[PDB]
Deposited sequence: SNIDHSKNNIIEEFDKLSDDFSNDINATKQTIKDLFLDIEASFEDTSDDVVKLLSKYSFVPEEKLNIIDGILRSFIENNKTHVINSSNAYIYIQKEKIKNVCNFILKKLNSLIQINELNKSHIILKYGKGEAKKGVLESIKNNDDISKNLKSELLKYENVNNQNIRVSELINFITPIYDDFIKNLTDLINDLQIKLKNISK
């Protein structure tokens, strides 16, 4: 009976984590928007990743609700094991998302360096200078650092980001089906 409450907890926790991720990515975009014409463009760009995360959040919540039915008349084994499986899927999604966040953190820094000029926000140069996680090659190429050009630069990066979010949604729908 409280089992339904526990599944509800799965949904709610997942929603919280997803909203946190959403805020992180929004912070990426906001940090990039420093720096009136390109700003509106980036703010437009920032709406699609939020939509993708709202999909992931909603797909999981929809799955759990429709799976409550199977939980009431099944063995305790199925309940505990299934709960475990759902937790695993959620953790998978969150791990992939966090990896994606790291990737686009480096992408953000790259964008700020190549175009934007804080230069207080372009104190990314010190973070790049101290970054021991990137190759010295990339470091070298980066420390050397109008609109149609910016579009030309961020279009592959942004399209790849949304593509990764789109395939992640596909992975989620596949993994949920395997336990559906």
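A.B. asks: Please report every deposited-sequence interval that has no C-alpha in the structure, sorted by position.
C.D. replies: Gaps vs deposited seq, in order: 1 to 7, 43 to 47, 158 to 165, 201.
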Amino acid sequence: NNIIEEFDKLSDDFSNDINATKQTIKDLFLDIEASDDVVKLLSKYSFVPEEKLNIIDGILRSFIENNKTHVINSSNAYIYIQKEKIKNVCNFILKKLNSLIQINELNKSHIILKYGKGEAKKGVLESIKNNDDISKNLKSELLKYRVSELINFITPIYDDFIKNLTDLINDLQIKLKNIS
From here on, numbers count along this sequence of modelled residues.
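A.B. asks: Would you determine, from the values in the PDB entry, which of 38 to 46 and 55 to 63 has the greater average C-alpha temperature factor?
C.D. replies: Going by the record's values, the stretch with the higher mean is 38 to 46.
A.B. asks: Once you work out the mean C-alpha B-factor for both 152 to 160 and 15 to 23 from the entry, which is higher?
C.D. replies: Taking the mean C-alpha B-factor of 15 to 23 and of 152 to 160, the larger value falls to 152 to 160.
A.B. asks: Sorting the chain's CA B-factors, does residue 88 end up in the lowest, middle or highest third?
C.D. replies: Answer is middle: the recorded C-alpha B-factor places it there.
A.B. asks: Against its chain's modelled residues, does residue 174's Cα B factor rank lowest, middle or highest third?
C.D. replies: For residue 174, whose C-alpha B-factor we compare with every modelled residue in the chain, the answer is the lowest third.
A.B. asks: Sort the modelled residues of this chain by their C-alpha B factor and say whether residue 82 lands in the lowest, middle or highest third.
C.D. replies: CA B-factor rank for residue 82: middle third.
A.B. asks: Would you please rank residue 109 by its C-alpha temperature factor against the other modelled residues of its chain and give the third it falls in: lowest, middle or highest?
C.D. replies: Answer is middle: the recorded C-alpha B-factor places it there.
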